[PDB]
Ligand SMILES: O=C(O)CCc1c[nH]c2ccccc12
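In the block that follows, a single chain appears as structure tokens, in the form deposited without ligand IOP.
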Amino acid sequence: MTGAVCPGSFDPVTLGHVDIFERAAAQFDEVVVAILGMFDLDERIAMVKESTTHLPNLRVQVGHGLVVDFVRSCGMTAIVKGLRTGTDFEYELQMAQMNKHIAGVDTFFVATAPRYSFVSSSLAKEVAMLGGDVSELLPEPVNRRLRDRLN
């Protein structure tokens, strides 16, 4: 009866994201990854799906419009997202307060695992496009598609 939505662009999903999914899935009856660029929509979904097969209570959905409308429509009960820094917290803070104001929807933040603290979709992509190896920071389903898109 509890449910969390983990929203993001996931372009592509990273091992930091999967860590958040696993931790959300352990505390909520259901988790919905809402995908809201380098990869098109279908690629993003497949990469998330392929990376979370070990999470039976998690489902992946494409989202549109406000996250809070997605949460309330799904009958979900909260938003969960990962935080790395105090500056992450301050921007996500404003968004969470706003979401609470407009829809009554709450947001729970989880601290990133230390080993993924410096990993983001954006930085991974910029490094990859310049010839660096980020394969230890991404799930293999992403690594596969990444190599192909840069081959």
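We number the residues from 1 along the sequence you see. Under this definition, the rigid core comprises the largest set of C-alpha atoms superposing within 1.5 Å between the forms.
There is also a form solved in complex with ligand IOP; it is not shown, and the following applies to it.
Remark: none of the three candidate residues (72, 100 and 107) comes within 4.5 Å of ligand IOP in the deposited complex, counting heavy atoms only. Residue contact with ligand IOP in the deposited complex: residue 7 places a heavy atom within 4.5 Å of it. None of the heavy atoms of residue 52 is located within 4.5 Å of ligand IOP in the deposited complex. Of all the residues from 62-82, those having a non-hydrogen atom no more than 4.5 Å from ligand IOP in the deposited complex are 80, 81, 82.
In a core superposition between the shown form and the other one, the Cα of 85 is the only one among 85, 122, 27, 97 shifting by 2 Å or more.
Cα-Cα spacing of residue 97 to residue 86 is enlarged in the deposited complex versus the present form (difference of at least 3 Å). Annotation: residue 85/residue 134 CA-CA distance shorter in the deposited complex than in the displayed model, change of at least 3 Å.
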